[PDB]
Amino acid sequence: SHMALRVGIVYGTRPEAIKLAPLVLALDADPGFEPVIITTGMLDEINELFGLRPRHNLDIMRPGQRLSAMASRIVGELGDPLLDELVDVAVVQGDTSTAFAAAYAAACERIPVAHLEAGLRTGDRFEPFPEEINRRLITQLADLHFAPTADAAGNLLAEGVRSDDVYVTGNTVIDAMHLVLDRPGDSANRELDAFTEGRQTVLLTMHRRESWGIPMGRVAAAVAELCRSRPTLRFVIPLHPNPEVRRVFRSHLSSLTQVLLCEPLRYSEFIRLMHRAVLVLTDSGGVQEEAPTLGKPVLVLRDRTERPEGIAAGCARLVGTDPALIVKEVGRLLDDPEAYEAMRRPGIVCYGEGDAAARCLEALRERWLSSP
Amino acid sequence: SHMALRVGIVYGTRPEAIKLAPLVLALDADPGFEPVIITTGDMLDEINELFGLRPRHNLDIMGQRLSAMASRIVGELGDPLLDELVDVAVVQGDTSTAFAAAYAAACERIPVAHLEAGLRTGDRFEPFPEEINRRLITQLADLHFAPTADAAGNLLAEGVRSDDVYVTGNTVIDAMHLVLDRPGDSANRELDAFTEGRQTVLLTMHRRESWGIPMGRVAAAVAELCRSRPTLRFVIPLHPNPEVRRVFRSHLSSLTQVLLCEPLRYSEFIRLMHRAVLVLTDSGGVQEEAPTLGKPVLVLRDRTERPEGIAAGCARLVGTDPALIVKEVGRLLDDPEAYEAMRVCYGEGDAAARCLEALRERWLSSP
Amino acid sequence: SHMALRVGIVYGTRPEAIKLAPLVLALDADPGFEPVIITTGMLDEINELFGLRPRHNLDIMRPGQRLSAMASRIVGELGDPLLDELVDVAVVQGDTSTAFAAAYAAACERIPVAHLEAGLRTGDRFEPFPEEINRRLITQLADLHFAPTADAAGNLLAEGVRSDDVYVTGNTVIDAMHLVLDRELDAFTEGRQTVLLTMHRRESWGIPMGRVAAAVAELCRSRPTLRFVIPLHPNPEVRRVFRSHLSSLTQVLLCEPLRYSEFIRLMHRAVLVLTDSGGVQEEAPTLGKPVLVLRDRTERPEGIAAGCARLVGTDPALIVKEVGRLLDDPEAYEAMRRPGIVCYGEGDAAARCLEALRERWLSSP
Amino acid sequence: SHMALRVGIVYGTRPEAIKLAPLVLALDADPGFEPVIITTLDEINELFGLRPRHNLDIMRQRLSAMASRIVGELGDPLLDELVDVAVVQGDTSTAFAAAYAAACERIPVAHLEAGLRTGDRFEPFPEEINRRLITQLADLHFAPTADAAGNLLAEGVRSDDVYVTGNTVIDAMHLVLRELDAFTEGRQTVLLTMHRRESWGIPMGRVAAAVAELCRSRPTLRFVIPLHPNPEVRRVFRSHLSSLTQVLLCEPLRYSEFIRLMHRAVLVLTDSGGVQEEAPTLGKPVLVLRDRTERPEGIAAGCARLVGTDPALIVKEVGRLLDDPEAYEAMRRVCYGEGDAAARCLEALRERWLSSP
Ligand SMILES: O=c1ccn([C@@H]2O[C@H](COP(=O)(O)OP(=O)(O)O[C@H]3O[C@H](CO)[C@@H](O)[C@H](O)[C@H]3O)[C@@H](O)[C@H]2O)c(=O)[nH]1
Ligand SMILES: O=c1ccn([C@@H]2O[C@H](COP(=O)(O)OP(=O)(O)O[C@H]3O[C@H](CO)[C@@H](O)[C@H](O)[C@H]3O)[C@@H](O)[C@H]2O)c(=O)[nH]1
Ligand SMILES: O=c1ccn([C@@H]2O[C@H](COP(=O)(O)OP(=O)(O)O[C@H]3O[C@H](CO)[C@@H](O)[C@H](O)[C@H]3O)[C@@H](O)[C@H]2O)c(=O)[nH]1
Ligand SMILES: O=c1ccn([C@@H]2O[C@H](COP(=O)(O)OP(=O)(O)O[C@H]3O[C@H](CO)[C@@H](O)[C@H](O)[C@H]3O)[C@@H](O)[C@H]2O)c(=O)[nH]1
Ligand code: NA
Ligand code: NA
Ligand code: NA
């Protein structure tokens with residue numbers, strides 16, 4: 001019956017749910033707090049795995065919808081459930097239009113906002129759009145910023161954020177990984193094991209809209225070429241749920257016995273697969289954080305990254321969508337064990353130790369459960 | 001957890017559901033595919049229950065203007081196709097659902113396959129809109145499952161590339177075989193009690209162009225045959241339209257020799273057709289099913305999309321002329337040589353497997 | 001008071017309005033017919049110039065709208081004005097989603113359809129989308145087809161159209177040009193070799209248009225006497241690519257869309273034309289202007305075969321080379337204007353459409 | 001017929017219209033540009049000859065509902081009018097929601113009067129956060145002062161995206177330069193405007209009491225108080241001052257009449273941002289009826305002093321200026337530009353969006 005700080009948790013996508021799940025679990029377990037989940041948007045599957053129970057699902061998001069229409073709906077309609085649920089403080093995560101529109105909706109009701117995973121920057125204006133501008137808008141709206149790294153905290157100060165409002169918590173994705181590594185029952189997959197057992201397996205994920213069509217086609221051609229040249233090499237490619245992404249990989253690779261094209265994997269099964277892989281090709285932000293933590297070299301299928309820490313430490317290299325460079329760089333790592341080891345620093349942490357949820361909780365308690 | 005080709009299956013009517021059911025079952029059993037059913041149209045629940053079809057979405061779109069119905073399907077089918085992550089969409093036959101759904105799929109750059117492609121009368125806008133629907137679907141579809149060589153030829157004459165056409169045969173033969181293999185579910189006490197010990201004619205008639213006077217002439221032909229042949233019985237399952245029910249009821253409800261029926265479950269309907277001495281119909285599907293059971297067919301139309309049965313002597317056009325119907329039924333009952341002259345046109349019952357292999361070749365292959 | 005065949009005319013874009021205008025004028029002048037215009041969608045300006053008076057404007061089309069939503073609205077809502085205006089027959093033009101959705105809406109009311117400019121094909125499935133599929137859908141819906149060329153008539157027969165339903169009328173765009181042939185631009189072009197350039201196709205937005213703009217910049221640097229006039233398609237992304245590449249070049253006049261009369265006068269003064277426009281590929285050869293086509297495919301193969309036009313795509317080196325050849329070698333220039341062939345008709349297409357309509361729908365056996 | 005850069009101009013209030021008017025006129029006169037106005041006052045539009053292409057009838061109402069409507073509905077007119085670039089002004093929820101709506105359509109945004117800060121988070125709300133959001137959305141920033149340009153750099157804006165243009169309010173004043181005349185003619189007249197929501201009720205009551213006290217103590221002193229059109233603001237001034245013959249309570253004045261009155265006034269008491277810029281330009285000392293200002297330049301130069309809503313301090317500070325000619329002259333003498341801000345904005349627009357490398 002003692003007062004709980006009621007913490008609004010707003011998300012619409014898989015990566016947000018994964019990164020918020022450890023914070024929701026920590027808020028639930030701590031008697032000083034009550035998490036209140038509102039979704040805007042695969043998601044049921046992540047909710048089931050971590051035991052997240054949304055109080056409200058706004059049925060706002062969908063493929064083939066204008067950004068302005070979606071943002072209009074969130075700004076217009078999120079206020080009522082935030083007020084109805086007596087939210088004291090609202091947490092948003094990452095770079096989504098949900099995170100931006102929900103932070104604004106909360107600000108309109110004078111509900112203080114905290115930003116989970118604050119301060120990631122490429123330094124390329126409106127690239128990608130709208131994610132890069134969303135981060136800069138959330139940064140001005142948020143009272144409190146949970147930065148995953150010292151570098152991200154530095155980016156926040158450069159945008160005029162006061163040092164007292166920035167906490168380097170590390171990234172909750174490390175917490176999330178550790179939670180599913182501790183769940184063998186849920187992690188198991190007969191077909192994936194049978195396909196990877198005794199082979200060098202490359203794990204590949206690619207989803208970014210700016211790479212749709214021709215650039216993804218070049219990456220698929222690089223996969224085909226590596227498979228032809230290296231009969232013992234395998235690829236597992238879990239496909240982003242977009243029909244255009246599925247079509248490009250399917251039309252380039254569906255006949256190659258060396259490639260297992262997959263449906264999206266449950267997070268537990270995906271982390272187990274990543275642990276078994278020899279290396280990871282991705283344009284995913286989260287996989288750039290997860291893979292180095294499992295000691296897997298990462299080749300980044302982009303011309304820019306918001307994870308410069310892995311680049312500077314040699315854990316990750318930019319490869320873009322150049323098929324000759326991808327073939328070369330994957331070859332180097334498979335053929336030269338010294339090049340392979342130079343990309344593994346598996347006793348060094350870029351993105352936190354897996355206690356980020358507890359560091360977020362203590363920041364919330366210091367800011368909103370304290371008096372001078 | 002391996003990637004499945006997600007195949008949208010869109011239908012609104014009984015004949016579509018019957019012809020798609022064997023393809024749904026084959027897609028379900030094959031690990032390379034996942035069927036996703038979206039309905040637009042309690043006849044259908046009954047077919048879904050019998051074949052174990054489980055719709056993911058029912059749109060509740062289908063006495064309504066064609067333009068309003070087509071507008072709603074074009075407008076609203078895209079969202080469930082995108083939400084269900086459909087890779088490819090299959091439509092069947094000649095319905096406004098098949099056309100509007102093919103168009104809605106094309107708008108989302110979802111490739112379309114047409115089940116039972118290339119049937120033509122050669123009579124423009126007859127019937128309307130079914131004849132034009134086929135020609136529109138033909139231009140929208142990437143892949144065409146033709147039941148016969150003749151149907152494949154009709155597709156090439158409309159500029160379809162030979163590589164996009166597969167002669168699969170008709171899945172209605174697959175569907176028939178599935179319910180012939182289920183005697184327990186095919187049983188019907190009341191039908192057996194009515195037909196036991198008598199020669200039974202099976203009659204179905206539903207086409208809008210025959211409503212009112214033409215159906216009345218067919219009902220008069222039934223009445224005349226019944227008066228002249230006291231031992232003859234008819235079973236007439238009625239299409240669920242009040243005007244069709246009223247014409248048959250007002251002409252035949254007092255004749256002890258006629259059993260007017262509610263629509264029959266497909267299993268029971270095929271068992272009845274197997275027991276019948278001959279079949280009178282304007283149904284496309286029954287023109288395919290009846291010859292496969294060795295039953296002579298008299299076709300209650302001035303045209304057919306099944307010319308193969310006509311050319312092979314399995315079927316004869318009789319239109320809605322009561323004198324000709326009485327004569328032609330009489331000939332078959334009285335002259336065993338005429339009967340035997342009217343006993344594969346439409347495939348071997350492996351059409352679902354041939355569709356699956358065409359889908360795998362087109363959309364589960366890389367160069 | 002004698003019965004007129006009431007002919008529905010449905011369009012939503014400038015190119016449709018230009019190509020339908022001569023048919024509307026011929027229908028208006030002939031006592032056997034009454035044109036009834038319904039718009040779905042610059043257009044006021046074309047309506048004013050040719051004296052077109054729409055009976056109904058549906059206000060369906062939009063810059064940022066899903067194809068399915070637009071097609072749904074036309075299928076759903078065009079029937080009411082067609083019935084209210086007692087339309088007997090409907091004419092649609094070209095390859096637009098309006099032409100397809102309106103033909104379908106007309107078919108739903110059992111209103112017969114005629115297709116103006118029928119049978120143009122690349123042979124590249126769904127390229128562009130949805131225009132290539134729209135033509136093939138309209139082709140199945142239309143009772144009557146006005147083909148601009150014998151080649152286009154051949155494409156219709158290969159899709160199962162009966163020969164009696166196909167008339168080679170020629171293209172009404174030639175009629176339209178002739179109607180308009182009977183000040184800042186003048187000052188800019190007067191003493192100078194002027195290239196006219198239009199480019200609008202969605203498949204070329206961004207990088208390909210950037211390459212074309214770079215080709216223009218290179219030609220301007222190498223040839224100080226050369227001028228370009230570039231009327232810009234009204235799309236902000238198209239305007240941005242040309243503006244960001246060319247706005248400082250004194251030799252380039254970037255323009256707002258020109259009124260059709262002013263555009264045809266400019267084309268007559270130009271030394272040559274670079275375009276991805278269908279209509280400009282038909283208009284330019286008729287004024288004896290060599291055309292370089294900024295696409296990898298064309299629906300006007302007649303101009304290619306007759307040497308009037310050449311495909312140049314969006315390859316900047318090839319564009320620089322091909323424009324250079326025509327400016328520098330008067331024999332190469334004359335080879336693209338050789339007399340002796342008329343590709344797209346003589347400018348009597350409206351009258352040939354009218355007589356096909358009278359034969360089909362104002363006759364009894 | 002040559003291509004013009006089509007510049008969207010979006011505003012919903014009098015202060016925005018006044019500050020945008022000189023930019024609209026400069027865009028209209030220059031052949032390289034075409035202004036396209038979308039509104040979210042008729043009298044200000046008439047005075048400067050502004051002709052809106054579209055009026056969205058959105059403003060009245062919850063902040064979230066208004067912002068939702070602008071984000072949701074402004075895109076269509078921006079696309080229909082073929083806008084190439086969009087300009088927003090000041091700190092309004094219109095300026096923020098319109099900048100966002102433009103960004104959603106990949107229309108580049110310029111912010112007129114960029115970089116004003118108090119440094120007090122969410123004070124006032126939502127104006128202080130609106131500026132910081134517009135700052136991240138805008139490609140181009142027209143800062144009125146070097147101080148404002150410095151505030152933009154501290155929020156990570158690149159120096160190349162910031163132009164110190166000065167404030168277009170000076171341009172607007174220059175463009176405009178009977179009962180009021182009869183009331184002010186032979187007399188020392190104080191001009192007072194006060195409208196800020198954070199001062200409604202008790203604080204405005206204290207300011208009205210200060211006016212009453214000054215009037216009682218100084219029979220020769222007059223006040224003109226044009227009242228903000230809010231019934232609560234009108235009620236507080238009316239109930240405190242309507243019987244005082246030395247106070248003329250007014251309806252809002254047309255901009256030309258307001259600037260003429262300010263020229264005749266001996267000094268100005270205001271919580272208006274624009275009046276803090278206009279008054280020093282006419283050599284009128286300003287006492288600012290707030291605890292903070294976004295115009296620190298006038299404070300530092302001695303043109304303006306903060307007085308808040310403390311009646312004793314207001315009485316004292318007005319007394320000092322009326323009684324001591326040395327204190328008066330210390331508050332008179334450019335803080336906010338020379339009146340060529342429109343032309344400097346135009347040249348920044350031409351350099352950024354009407355140039356090729
Ligand atoms: O089959 C799969 C593939 C991936 N994952 C997980 O999904 C997440 C990645 O999701 P993805 O769709 O690739 O998004 P990201 O690119 O990782 O995330 C973007 O969006 C987030 C929310 O705004 C931001 O935090 C990130 O910085 C930004 O890059 C990771 O935790 C992966 O382990 C699965 O569980 N199953
Ligand atoms: O009591 C009954 C009567 C019929 N049937 C079955 O229903 C189907 C026929 O349905 P019907 O309404 O008569 O439609 P058809 O006329 O067969 O089908 C039309 O519509 C189909 C869908 O577009 C096309 O494939 C056909 O060519 C076209 O003729 C057949 O399989 C019959 O066996 C029953 O199950 N029970
Ligand atoms: O500033 C300009 C530019 C062009 N035009 C005229 O506009 C037409 C060209 O319009 P455009 O937008 O380029 O479209 P097109 O590419 O010509 O037309 C497409 O759309 C038409 C309608 O479906 C089809 O007939 C064509 O085959 C197809 O290529 C021609 O008459 C030009 O002379 C002007 O009047 N002013
Ligand atoms: O009776 C009157 C009173 C004032 N004014 C004029 O109105 C403007 C002031 O408007 P006001 O309602 O007081 O608004 P401000 O407080 O000046 O403006 C706020 O809103 C603007 C737009 O967001 C920002 O530029 C400012 O920094 C911010 O303080 C000035 O130009 C005055 O000259 C009149 O014309 N008549
Ligand atoms: Na708790
Ligand atoms: Na399956
Ligand atoms: Na006429």
# chains A, B, ... in the order shown; residues from 1 in each chain; ligands from 1
>>> select_by_dssp(residues="stretch 131-267 of chain B", states="alpha helix (DSSP H)", output="VMD selection string")
chain B and resid 131 to 140 149 to 156 171 to 180 183 to 186 189 to 195 213 to 228 242 to 252 266 to 267
>>> residues_near_ligand(ligand="ligand 7", cutoff="8 Å", atoms="only C-alpha atoms and all ligand atoms", output="PDB file with C-alpha atoms, in the first residue's frame")
ATOM      1  CA  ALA C   4     -27.347  12.199 -78.987  1.00  0.00           C
ATOM      2  CA  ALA C  26     -15.089  16.622 -82.330  1.00  0.00           C
ATOM      3  CA  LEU C  27     -17.895  15.114 -80.122  1.00  0.00           C
ATOM      4  CA  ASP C  28     -19.099  18.680 -79.184  1.00  0.00           C
ATOM      5  CA  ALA C  29     -19.183  19.867 -82.883  1.00  0.00           C
ATOM      6  CA  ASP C  30     -20.989  16.708 -84.182  1.00  0.00           C
ATOM      7  CA  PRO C  31     -24.788  16.815 -83.603  1.00  0.00           C
ATOM      8  CA  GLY C  32     -24.923  12.963 -83.201  1.00  0.00           C
ATOM      9  CA  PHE C  33     -22.887  13.116 -79.914  1.00  0.00           C
ATOM     10  CA  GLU C  34     -22.679  14.846 -76.514  1.00  0.00           C
ATOM     11  CA  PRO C  35     -19.391  14.667 -74.521  1.00  0.00           C
TER      12      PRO C  35
END
>>> select_by_dssp(residues="stretch 120-226 of chain D", states="strand (DSSP E)", output="list in words")
residues 140, 141, 142, 143, 162, 163, 164, 188, 189, 190, 191, 192, 193, 221, 222, 223, 224, 225 and 226 of chain D
>>> write_last_selection(atoms="N, CA and C atoms", output="PDB file, in the first residue's frame")
ATOM      1  N   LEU D 140      17.974  25.153 -41.623  1.00  0.00           N
ATOM      2  CA  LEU D 140      18.469  26.541 -41.715  1.00  0.00           C
ATOM      3  C   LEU D 140      17.848  27.366 -40.591  1.00  0.00           C
ATOM      4  N   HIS D 141      18.650  28.200 -39.943  1.00  0.00           N
ATOM      5  CA  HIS D 141      18.267  28.969 -38.729  1.00  0.00           C
ATOM      6  C   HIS D 141      18.624  30.433 -38.923  1.00  0.00           C
ATOM      7  N   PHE D 142      17.620  31.308 -38.840  1.00  0.00           N
ATOM      8  CA  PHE D 142      17.771  32.783 -38.936  1.00  0.00           C
ATOM      9  C   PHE D 142      17.754  33.336 -37.518  1.00  0.00           C
ATOM     10  N   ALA D 143      18.949  33.508 -36.954  1.00  0.00           N
ATOM     11  CA  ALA D 143      19.156  33.984 -35.577  1.00  0.00           C
ATOM     12  C   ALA D 143      19.134  35.512 -35.602  1.00  0.00           C
ATOM     13  N   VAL D 162      23.568  28.255 -39.588  1.00  0.00           N
ATOM     14  CA  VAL D 162      23.132  29.421 -38.774  1.00  0.00           C
ATOM     15  C   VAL D 162      23.539  30.710 -39.485  1.00  0.00           C
ATOM     16  N   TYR D 163      22.569  31.589 -39.732  1.00  0.00           N
ATOM     17  CA  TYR D 163      22.804  32.962 -40.240  1.00  0.00           C
ATOM     18  C   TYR D 163      22.274  33.950 -39.202  1.00  0.00           C
ATOM     19  N   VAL D 164      23.106  34.901 -38.774  1.00  0.00           N
ATOM     20  CA  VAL D 164      22.647  36.038 -37.927  1.00  0.00           C
ATOM     21  C   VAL D 164      22.040  37.076 -38.876  1.00  0.00           C
ATOM     22  N   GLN D 188       2.285  62.639 -20.056  1.00  0.00           N
ATOM     23  CA  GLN D 188       3.210  61.495 -19.930  1.00  0.00           C
ATOM     24  C   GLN D 188       2.370  60.212 -19.906  1.00  0.00           C
ATOM     25  N   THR D 189       2.508  59.378 -20.939  1.00  0.00           N
ATOM     26  CA  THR D 189       1.723  58.123 -21.104  1.00  0.00           C
ATOM     27  C   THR D 189       2.655  56.913 -21.001  1.00  0.00           C
ATOM     28  N   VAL D 190       2.385  56.031 -20.040  1.00  0.00           N
ATOM     29  CA  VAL D 190       2.983  54.665 -19.947  1.00  0.00           C
ATOM     30  C   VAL D 190       2.138  53.710 -20.802  1.00  0.00           C
ATOM     31  N   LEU D 191       2.776  52.979 -21.722  1.00  0.00           N
ATOM     32  CA  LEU D 191       2.149  51.874 -22.498  1.00  0.00           C
ATOM     33  C   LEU D 191       2.388  50.565 -21.743  1.00  0.00           C
ATOM     34  N   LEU D 192       1.335  49.813 -21.428  1.00  0.00           N
ATOM     35  CA  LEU D 192       1.460  48.514 -20.712  1.00  0.00           C
ATOM     36  C   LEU D 192       0.725  47.423 -21.509  1.00  0.00           C
ATOM     37  N   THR D 193       1.413  46.329 -21.834  1.00  0.00           N
ATOM     38  CA  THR D 193       0.786  45.073 -22.350  1.00  0.00           C
ATOM     39  C   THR D 193       1.239  43.913 -21.472  1.00  0.00           C
ATOM     40  N   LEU D 221       0.100  61.530 -14.670  1.00  0.00           N
ATOM     41  CA  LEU D 221       0.488  60.283 -15.377  1.00  0.00           C
ATOM     42  C   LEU D 221      -0.749  59.667 -16.043  1.00  0.00           C
ATOM     43  N   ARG D 222      -0.590  59.169 -17.272  1.00  0.00           N
ATOM     44  CA  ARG D 222      -1.616  58.349 -17.971  1.00  0.00           C
ATOM     45  C   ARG D 222      -1.039  56.966 -18.297  1.00  0.00           C
ATOM     46  N   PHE D 223      -1.926  55.968 -18.368  1.00  0.00           N
ATOM     47  CA  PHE D 223      -1.618  54.606 -18.877  1.00  0.00           C
ATOM     48  C   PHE D 223      -2.574  54.285 -20.008  1.00  0.00           C
ATOM     49  N   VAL D 224      -2.047  53.699 -21.078  1.00  0.00           N
ATOM     50  CA  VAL D 224      -2.845  52.987 -22.117  1.00  0.00           C
ATOM     51  C   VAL D 224      -2.521  51.495 -21.996  1.00  0.00           C
ATOM     52  N   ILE D 225      -3.554  50.672 -21.827  1.00  0.00           N
ATOM     53  CA  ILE D 225      -3.432  49.198 -21.657  1.00  0.00           C
ATOM     54  C   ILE D 225      -4.307  48.525 -22.702  1.00  0.00           C
ATOM     55  N   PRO D 226      -3.751  48.196 -23.889  1.00  0.00           N
ATOM     56  CA  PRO D 226      -4.429  47.336 -24.849  1.00  0.00           C
ATOM     57  C   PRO D 226      -4.479  45.929 -24.232  1.00  0.00           C
TER      58      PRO D 226
END
>>> residues_near_ligand(ligand="ligand 2", cutoff="6 Å", atoms="only C-alpha atoms and all ligand atoms", output="list in words")
residues 14, 15, 16, 18, 93, 94, 95, 237, 263, 264, 265, 266, 269, 283, 284, 285 and 286 of chain B
>>> closest_atom_pairs(of="chain B", to="ligand 6", cutoff="7 Å", atoms="only C-alpha atoms and all ligand atoms", output="Markdown table")
| residue | atom | partner | partner_atom_place_in_ligand_line | distance |
| --- | --- | --- | --- | --- |
| B:27 | CA | ligand 6 | 1 (Na) | 4.9 |
| B:28 | CA | ligand 6 | 1 (Na) | 3.6 |
| B:29 | CA | ligand 6 | 1 (Na) | 4.8 |
| B:30 | CA | ligand 6 | 1 (Na) | 4.3 |
| B:31 | CA | ligand 6 | 1 (Na) | 4.3 |
| B:32 | CA | ligand 6 | 1 (Na) | 6.0 |
| B:33 | CA | ligand 6 | 1 (Na) | 4.4 |
| B:34 | CA | ligand 6 | 1 (Na) | 4.5 |
| B:35 | CA | ligand 6 | 1 (Na) | 6.9 |
>>> atom_distance(atom1="atom CA of residue A:124", atom2="atom CA of residue C:244")
18.8 Å
